[PDB]
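First the proteins, then the strands, lettered A, B, ... as listed; each starts at 1. Because only heavy atoms are used, hydrogens play no part in the values below, and waters and symmetry mates are left out as well, while side chains stay in. Read the numbers this way: they start at 1 and go in the same order the structure lists the ligands and their atoms.
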Amino acid sequence: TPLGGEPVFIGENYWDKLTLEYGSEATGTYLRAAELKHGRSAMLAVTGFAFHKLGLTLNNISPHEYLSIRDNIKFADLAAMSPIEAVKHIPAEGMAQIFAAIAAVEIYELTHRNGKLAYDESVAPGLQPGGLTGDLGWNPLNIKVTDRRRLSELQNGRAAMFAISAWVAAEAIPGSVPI
Amino acid sequence: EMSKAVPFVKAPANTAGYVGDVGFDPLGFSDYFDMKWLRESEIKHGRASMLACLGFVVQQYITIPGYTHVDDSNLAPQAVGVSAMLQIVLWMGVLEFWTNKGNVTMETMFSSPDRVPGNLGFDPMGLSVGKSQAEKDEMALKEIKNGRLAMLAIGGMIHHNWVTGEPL
Amino acid sequence: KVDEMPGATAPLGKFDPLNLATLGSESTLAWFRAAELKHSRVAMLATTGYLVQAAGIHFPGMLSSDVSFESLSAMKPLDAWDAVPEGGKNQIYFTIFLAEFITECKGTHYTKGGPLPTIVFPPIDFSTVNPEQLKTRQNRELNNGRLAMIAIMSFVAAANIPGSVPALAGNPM
Amino acid sequence: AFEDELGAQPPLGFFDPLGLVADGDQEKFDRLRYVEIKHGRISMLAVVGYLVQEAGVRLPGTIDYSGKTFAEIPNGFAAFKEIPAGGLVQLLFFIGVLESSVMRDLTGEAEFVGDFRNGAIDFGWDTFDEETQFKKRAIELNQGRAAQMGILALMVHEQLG
Ligand code: CLA
Ligand code: CLA
Ligand SMILES: CCCCCCCCCCCCCCCC(=O)OC[C@H](COP(=O)(O)OC[C@@H](O)CO)OC(=O)CCCCCCCCCCCCCCC
Ligand SMILES: CCCCCCCCCCCCCCCC(=O)OC[C@H](COP(=O)(O)OC[C@@H](O)CO)OC(=O)CCCCCCCCCCCCCCC
Ligand SMILES: CC(=O)O[C@H]1CC(C)(C)C(=C=C/C(C)=C/C=C/C(C)=C/C=C/C=C(C)/C=C/C=C(\C)C(=O)C[C@@]23O[C@]2(C)C[C@@H](O)CC3(C)C)[C@](C)(O)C1
Ligand SMILES: CC(=O)O[C@H]1CC(C)(C)C(=C=C/C(C)=C/C=C/C(C)=C/C=C/C=C(C)/C=C/C=C(\C)C(=O)C[C@@]23O[C@]2(C)C[C@@H](O)CC3(C)C)[C@](C)(O)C1
Ligand SMILES: CC1=C(C#C/C(C)=C/C=C/C(C)=C/C=C/C=C(C)/C=C/C=C(C)/C=C/[C@@]23O[C@]2(C)C[C@@H](O)CC3(C)C)C(C)(C)C[C@H](O)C1
């Protein structure tokens with residue numbers, strides 16, 4: 001009773017073992033939510049990696065290449081030391097900042113149920129059965145929310161995930177296929 | 001008439017509709033204190049023990065970057081300081097005021113006709129939602145028993161090191 | 001509806017091959033409408049602000065205390081942006097930062113059917129101007145911006161890649 | 001009795017030289033499929049292991065923190081000589097947790113034996129006719145039969161030289 005699966009072929013398999021025997025319908029939602037989160041994350045990661053490999057960084061695309069602004073961290077040096085060895089050169093301040101935005105988003109996905117935050121509750125809205133559906137409601141200039149869009153998004157998600165995993169593996173060690 | 005657990009003292013009254021009921025109360029605390037508070041205590045003591053039994057073992061082998069590996073879990077606070085320790089317990093407080101909508105004493109808790117012991121509303125995945133009563137009773141017997149094992153456990157893990165001076 | 005919209009002229013009519021006006025709601029199309037309206041006005045001022053700054057028009061006097069208008073008998077018009085000092089670059093953004101507010105804080109925002117962005121200072125009473133001849137002007141306003149959005153991208157590509165543009169590469173810039 | 005079942009196939013067909021399902025001396029009508037499938041599944045990951053685990057493709061880095069790399073560890077029964085004995089227990093143990101916790105009929109909806117997951121080797125597979133099951137469950141079962149003779153070879157030939 002889940003959403004559309006593989007377009008060429010379909011297979012649910014490992015789904016009725018937890019959404020009927022182990023868990024229930026509430027677990028179904030949760031699983032889908034997790035999947036969507038991961039998918040989106042993978043997509044963004046993929047794009048970032050692609051950009052880094054290509055060369056479109058601050059030095060190439062804009063007038064500013066000095067990220068550290070005190071730690072002498074230029075974009076040229078970070079674009080010459082690959083993608084995996086560049087994330088470790090990010091200044092602590094910046095890391096802290098990034099963690100902040102993500103934290104805020106996660107908290108929102110946790111407190112603000114529907115339109116506004118809920119002041120009195122035993123637990124957070126998203127910590128209850130079916131707490132997080134997957135959709136945050138963030139639809140700026142929303143073009144459409146149909147039954148095709150969702151499926152497309154999901155597909156792009158898994159694909160992105162696989163792609164980035166493979167990319168990381170190859171940078172690290174002999175993969176298998178070409179890039 | 002007589003206790004099921006220890007069959008030579010009288011059966012304790014006012015412990016009937018509870019999950020791990022085997023009639024074990026020789027000192028008679030349930031005669032004197034409210035039973036909803038005692039259950040809520042036993043679950044909470046058990047959940048903190050189960051998290052501390054994982055913690056005490058996993059801390060030896062895994063350590064998060066930025067900290068210092070300590071051979072014995074017991075010596076960890078000294079290796080983390082006091083500021084980090086107070087942050088933990090003061091946030092535990094804030095997590096506990098929100099938990100019971102502000103009714104944090106033995107007189108304010110269980111003042112609503114709702115608010116049964118141990119029901120936090122916590123269930124993000126959906127474990128035990130929409131099922132029957134026998135299955136729910138069975139899974140509640142598992143949380144009590146594993147929590148009682150972990151309390152007497154977390155003694156031994158902590159105590160073993162007290163005498164000796166090396167990890168588990 | 002793309003019919004009944006300024007910006008649909010004779011040589012193409014409704015120009016939307018990949019169907020982007022259908023892609024959202026009516027509030028979506030109103031956002032793209034005043035985007036192109038604003039993308040035009042920035043590009044019209046930057047294209048015209050490239051042609052002069054290149055022929056030597058040269059404000060008399062001093063820009064700031066020691067960094068006076070030698071920025072024109074020198075470096076290309078794509079340059080003279082770091083030559084403008086920080087306090088001079090700052091008030092430019094903040095006059096813009098103020099101008100983006102009245103644009104947003106009208107009585108009815110334009111994606112709810114409200115009016116397009118109007119002039120921040122000296123706002124004559126406006127287009128009480130004969131709405132037949134009003135429609136001809138908003139076609140003129142957008143088409144000149146359409147041409148200027150292409151042209152300012154030509155001016156960047158000539159300053160980065162020499163020979164990227166044939167009858168324009170033989171121009172000192 | 002079981003001449004029309006899975007595994008009976010040309011050129012031999014039903015071929016029981018011991019008289020194994022010839023009676024129920026220890027309920028041979030069941031569990032002998034399960035005992036035949038289970039060894040071969042070990043052997044198929046063993047021989048697709050051991051041949052790739054002979055070719056010289058290694059994991060990066062070290063087996064522990066003390067610097068012992070994976071590239072220093074050869075193939076064969078010699079590979080267990082360069083496993084320290086703390087590893088030999090844990091290699092058994094969380095595999096031994098799988099025997100009691102996933103290598104049994106958990107949910108009770110098993111059409112067969114070795115039927116635990118139901119949905120993840122569904123490789124565009126739902127479309128295929130029930131006959132395609134009997135094909136690639138003979139092809140499961142007969143890869144596992146023939147990978148034992150692969151792995152019993154590749155264990156004995158190492159000790160024979
Ligand atoms: C991090 C992102 C974020 C977002 C977008 C919001 C947004 C909002 N907050 Mg929250 N808040 C946040 C973080 C956030 N907050 C943090 C970190 C804290 C401190 C921990 C708070 C503390 C807080 C308090 C105490 C209160 C709110 C209030 C509100 C809402 C205004 C009240 C109202 O009536 O609107 C309701 C909105 C609608 C009727 C329109 C619904 C349309 C949906 C789509 C919402 C808009 C989209 C969504 C917000 C965008 C998020 C996506 C993200 C990727 C950007 C508004 C929705 C007030 C409130 O909601 O209660 C009265 C309020 O009292 N906020
Ligand atoms: C963390 C990300 C994540 C999560 C939570 C899910 C979750 C889900 N997927 Mg899924 N998927 C993912 C990534 C993910 N997937 C990727 C990368 C792909 C591309 C290969 C797919 C392709 C896929 C298809 C084609 C379909 C689903 C479906 C489903 C749903 C039912 C299957 C199920 O019970 O769970 C699946 C099992 C798990 C999530 C268990 C977790 C895995 C263990 C703990 C670790 C595995 C590590 C592994 C070695 C990583 C390497 C990759 C692997 C291919 C070897 C479920 C909501 C189906 C659906 O929507 O319903 C019919 C469906 O049609 N997924
Ligand atoms: C850094 C952490 C600070 C974040 C504050 C977290 C707020 C906690 C959530 C409030 C409950 C909201 C739920 C329902 C809201 C509600 O109605 O409940 C309010 C709650 C009491 O609620 P009730 O009235 O229902 O409780 C029963 C009463 O009727 C008593 O009979 O009181 C508080 O909110 C206390 C909040 C902590 C105050 C912290 C200040 C620290 C003072 C300590 C002084 C130290 C002295 C040292 C010795 C000298
Ligand atoms: C109608 C309401 C007016 C609102 C005022 C705001 C716009 C004002 C524009 C002109 C300022 C004129 C004052 C004359 C002052 C004067 O001309 O001094 C000139 C001064 C030059 O300072 P320098 O350090 O260059 O000078 C050092 C040398 O002069 C010594 O040799 O420039 C300024 O300080 C720039 C002012 C920018 C201020 C930004 C304003 C606030 C907006 C901030 C929002 C951004 C962050 C938030 C983003 C979300
Ligand atoms: C490749 C090569 O080698 O060849 C070159 C050839 C060539 C020709 C150089 C190239 C080019 C591109 C060109 C020619 C680009 C030109 C672009 C164009 C057309 C730029 C207009 C801006 C409009 C402005 C500034 C108007 C502002 C108007 C303002 C600020 C107003 O006051 C509005 C106004 O309405 C009010 C409110 C009141 C009314 O009473 C009337 C007025 C006006 C006052 C290429 C493509 O690069 C390649
Ligand atoms: C039958 C069978 O085969 O199995 C069955 C059962 C089974 C297996 C359970 C099933 C399943 C579920 C699956 C497969 C779930 C898998 C999910 C998966 C594989 C999820 C990956 C996420 C990756 C992320 C989030 C990476 C983010 C990357 C991020 C956030 C980055 O920052 C990228 C980064 O590069 C940037 C951009 C810049 C760099 O400076 C820094 C780095 C390098 C970090 C299926 C589908 O039912 C099939
Ligand atoms: C129409 C349509 C389609 C389309 C499209 C198209 C063609 C989109 C194109 C968009 C385009 C082409 C947008 C340009 C922006 C340029 C800008 C904003 C210039 C900034 C210039 C600035 C900010 C100023 C720069 C300067 O200050 C500097 C740095 C130096 C100073 O001396 C002064 C100058 C001014 C020089 C599809 C995709 C085909 C699908 C379907 O058909 C729908």
Side-chain angles (χ1 to χ4, degrees), chain A residues 1-19 22-23 27-42 134 150-151 154-166 169, chain C residues 40-52 54 63-67 84-102 118-124 126-127 129 137-138 140-141 143-158 163-171 173, chain D residues 117-120 122-124 126:
Chain A
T1 25
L3 231 220
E6 218 249 318
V8 149
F9 251 116
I10 331 199
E12 33 146 69
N13 64 34
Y14 269 160
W15 161 264
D16 204 288
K17 183 178 179 180
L18 24 167
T19 333
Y22 281 156
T27 18
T29 26
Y30 185 95
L31 279 187
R32 188 99 274 165
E35 185 154 85
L36 275 187
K37 233 236 226 354
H38 279 259
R40 288 141 183 195
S41 100
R150 314 185 106 112
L151 205 229
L154 248 192
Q155 231 60 57
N156 284 259
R158 318 153 106 121
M161 266 171 154
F162 157 81
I164 198 290
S165 99
Chain C
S40 66
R41 292 177 180 176
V42 177
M44 287 184 280
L45 294 174
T47 300
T48 302
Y50 182 85
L51 295 175
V52 302
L63 189 149
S64 181
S65 179
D66 60 355
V67 65
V84 177
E86 295 179 352
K89 290 172 70 172
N90 213 182
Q91 297 177 354
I92 295 168
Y93 293 163
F94 287 170
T95 305
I96 293 166
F97 183 73
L98 190 150
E100 295 293 329
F101 289 163
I102 298 176
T118 61
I119 201 178
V120 175
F121 214 29
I124 305 298
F126 274 106
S127 300
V129 173
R137 295 191 177 279
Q138 294 178 356
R140 292 174 179 183
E141 181 176 4
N143 289 318
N144 291 318
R146 299 187 158 119
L147 185 62
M149 284 184 280
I150 298 168
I152 194 63
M153 294 299 292
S154 297
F155 293 155
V156 172
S164 65
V165 62
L168 184 62
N171 190 358
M173 294 182 181
Chain D
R117 55 101 184 90
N118 290 317
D122 188 358
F123 288 161
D126 186 75

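- To the nearest 0.5 Å, the span separating CD on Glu35(A) from CE on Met161(A) amounts to 7.0 Å.
- Among all heavy-atom pairs drawn from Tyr14(A) and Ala120(D), the shortest one is CD1-CB, 4.0 Å.
- Between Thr47(C) and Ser154(C) the shortest side-chain heavy-atom distance does not fall below 4.5 Å.
- Between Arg41(C) and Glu141(C) the shortest side-chain heavy-atom distance falls below 4.5 Å.
- Shortest contact from atom 31 (C) of ligand 2 to any protein heavy atom: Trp15(A) CE3, 3.8 Å.
- Protein heavy atoms all stay at least 4.0 Å away from atom 48 (C) of ligand 2.
- Heavy atoms of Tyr93(C) found under 4.0 angstrom from ligand 4: none, in either backbone or side chain.
- The CZ atom of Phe121(C) sits 11.0 Å away from the OG1 atom of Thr95(C) when rounded to the nearest 0.5 Å.
- Atom 44 (C) of ligand 2 is never approached by the protein to below 4.0 angstrom, counting heavy atoms only.
- Within the 4.0 Å cut-off (strictly below), a protein heavy atom is located near atom 48 (C) of ligand 4.
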Note every protein N or O atom lying under 3.5 Å from an N or O atom of ligand 5, pairing the names and giving the distance.
{"from": "ligand 5", "atom 1": "3 (O)", "to": "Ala167(C)", "atom 2": "N", "distance (Å)": "3.2"}
{"from": "ligand 5", "atom 1": "3 (O)", "to": "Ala167(C)", "atom 2": "O", "distance (Å)": "2.8"}
{"from": "ligand 5", "atom 1": "3 (O)", "to": "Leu168(C)", "atom 2": "N", "distance (Å)": "2.0"}

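- Inside a 4.0 Å radius of atom 63 (C) of ligand 2 there is at least one protein heavy atom.
- Counting only heavy atoms, the protein gets under 4.0 Å from atom 32 (O) of ligand 4.
- In the vicinity of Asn90(C), heavy-atom distances shorter than 4.0 Å reach the ligand 4 atoms 35 (C), 37 (C).
- Close approach of ligand 4 to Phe97(C) (heavy-atom distance below 4.0 Å) involves ligand atoms 44 (C), 47 (C), 48 (C), 49 (C).
- Short contacts between ligand 2 and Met161(A), defined as distances under 4.0 Å to a heavy atom of the residue, involve ligand atoms 1 (C), 2 (C), 13 (C), 17 (C).
- For the atom pair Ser40(C) OG and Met149(C) CE, the distance stands at 6.0 Å (nearest 0.5 Å).
- Between atom CE of residue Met44(C) and atom CG of residue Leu147(C) there is a gap of 10.5 Å, rounded to the nearest 0.5 Å.
- Nearest-heavy-atom check against atom 39 (C) of ligand 4 across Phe94(C), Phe121(C), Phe101(C) picks out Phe94(C).
- At a threshold of 4.5 Å between non-hydrogen side-chain atoms, the residues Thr118(C) and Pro123(C) do not count as touching.
- Nearest protein heavy-atom contact of atom 1 (C) of ligand 4 is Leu98(C) CD1, 3.8 Å.
- Protein heavy atoms are absent from the space less than 4.0 angstrom from atom 26 (O) of ligand 4.
- Contact check for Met173(C) versus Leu168(C): side-chain heavy atoms found under the 4.5 Å cut-off.
- In this structure the side chain of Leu31(A) reaches within 4.5 angstrom of the side chain of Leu18(A), judged on heavy atoms.
- Contacts between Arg32(A) and ligand 2, counted as non-hydrogen atom pairs separated by less than 4.0 Å, involve both the backbone and the side chain.
- Protein heavy atoms are absent from the 4.0 Å sphere centred on atom 54 (C) of ligand 2.
- Looking at heavy atoms from C-beta onward, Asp126(D) lies out of side-chain contact with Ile10(A) at the 4.5 angstrom threshold.
- Within a 4.0 Å radius of atom 12 (C) of ligand 4, the protein contributes at least one heavy atom.
- The side-chain heavy atoms of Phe155(C) and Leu51(C), taken from C-beta on, include a pair separated by under 4.5 Å.
- For atom 9 (C) of ligand 4, the nearest non-hydrogen atom of the protein is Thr95(C) OG1, 4.0 Å.
- Of all atoms in ligand 2, numbered sequentially from 1 with element shown, those under 4.0 Å from a heavy atom of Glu6(A) are 64 (O).
- Here the closest non-hydrogen pair linking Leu3(A) and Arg150(A) is CD1-CB, 4.2 Å.
- Here the heavy atom of the protein found nearest to atom 61 (O) of ligand 2 is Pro2(A) CG, 3.9 Å.
- Counted within 6.0 Å of CZ on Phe126(C), heavy atoms from surrounding residues, nucleotides or ligands total more than 12; the atom is thus considered enclosed.
- Among all protein heavy atoms, the one lying closest to atom 21 (C) of ligand 4 is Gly87(C) CA, 4.0 Å.
- Scanning all heavy atoms of the two residues, the minimum distance from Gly5(A) to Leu151(A) falls at O-CD2, 4.4 Å.
- The nearest pair of heavy atoms linking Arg117(D) to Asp122(D) is NH2-N, 3.2 Å.
- Per-atom contact check: atom 8 (C) of ligand 2 touches the protein, criterion being a heavy-atom distance below 4.0 Å.
- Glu100(C) CD to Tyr93(C) OH: the interatomic distance, rounded to the nearest 0.5 Å, is 13.5 Å.
- Side chains of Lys17(A) and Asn118(D) form no contact here, defined as non-hydrogen atoms less than 4.5 Å apart.
- Proximity of atom 26 (C) of ligand 2 to the protein is indicated by at least one non-hydrogen atom lying closer than 4.0 angstrom.
- Using a 4.0 Å threshold on non-hydrogen atoms, atom 17 (O) of ligand 4 counts as touching the protein.
- Between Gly11(A) and ligand 2 there is a heavy-atom distance shorter than 4.0 Å.
- When all heavy atoms of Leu63(C) and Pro85(C) are compared, the closest pair comes out as CD2-CD, 3.7 Å.
- Within 6.0 Å of the CZ atom in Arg137(C), the count of heavy atoms belonging to other residues, nucleotides or ligands does not exceed 12.
- Closest of all the heavy-atom pairs between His38(A) and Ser41(A) is O-OG, 3.0 Å.
- Residue contacts with ligand 4: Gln91(C) is placed with a nitrogen or oxygen under 3.5 Å of a nitrogen or oxygen of the ligand (distance criterion only).
- One distance of note links CD1 of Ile96(C) with CD of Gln91(C); it measures 12.0 Å at 0.5 Å rounding.
- Per-atom contact check: atom 51 (C) of ligand 2 does not touch the protein, criterion being a heavy-atom distance below 4.0 Å.
- The set of protein atoms (N, O or S) found at less than 2.8 Å from atom 10 (Mg) of ligand 2 reads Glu35(A) OE2, by chain and number.
- For atom 1 (C) of ligand 2, the nearest protein heavy atom is under 4.0 Å away.
- Every atom of ligand 2 with a heavy atom of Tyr14(A) under 4.0 Å away is listed here by number and element: 32 (C), 33 (C), 34 (O), 35 (O).
- Although no hydrogens or angles enter the test, the distance criterion places a donor-acceptor pair under 3.5 Å between the side chain of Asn144(C) and the main chain of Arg140(C).
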